[PDB]
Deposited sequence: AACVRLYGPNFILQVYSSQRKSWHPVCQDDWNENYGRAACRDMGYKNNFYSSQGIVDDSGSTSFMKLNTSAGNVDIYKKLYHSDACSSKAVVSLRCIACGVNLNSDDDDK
């Protein structure tokens, strides 16, 4: 699993060694429970804050395979040129980054 949250809007991305490129995750079939699994893979234990679809500011996407078994969430993604939902996953694992003036 080579994964990242990208940018100030927390775009979830997966690396392709073949393409030497990072790809966002299509919001297709995604939900907060997948959000929680991704957060656990990033070491956040029982922290979770939000998972929502956003417009992507990349062509190629990672798409969730709903017909996969109980495997790790990143083994459930595959390469797709198309995202039917036209949105990508924005994932926040913890409420952070607020202070007196926020």
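No C-alpha coordinates means not modelled. Give me those stretches of the deposited sequence in order.
Gaps in the modelled chain, taken against the deposited sequence, lie at 1, 59 to 60, 106 to 110.
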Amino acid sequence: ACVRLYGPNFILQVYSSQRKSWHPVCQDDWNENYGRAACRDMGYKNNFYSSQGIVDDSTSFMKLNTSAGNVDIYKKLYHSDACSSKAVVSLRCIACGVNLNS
From here on, numbers count along this sequence of modelled residues.
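Per the PDB record, is the mean Cα temperature factor higher over 17 to 25 or over 89 to 97?
On average, C-alpha B-factors are higher across 17 to 25.
Where do the C-alpha atoms have the higher mean temperature factor in this entry, in 79 to 87 or in 7 to 15?
Averaged over C-alpha atoms, the B-factors run higher in 79 to 87.
Thinking about Cα B factors across the chain, which third does residue 64 belong to?
Ranked within chain, residue 64 CA B lands in the middle tercile.
Compared with the other modelled residues in the chain, in which third is the CA B-factor of residue 74?
Ranked within chain, residue 74 CA B lands in the highest tercile.
Should residue 46 be placed in the lowest, middle or highest third of its chain by the C-alpha B factor in the entry?
Its C-alpha B-factor, which the entry lists for residue 46, ranks in the middle third among residues of this chain.
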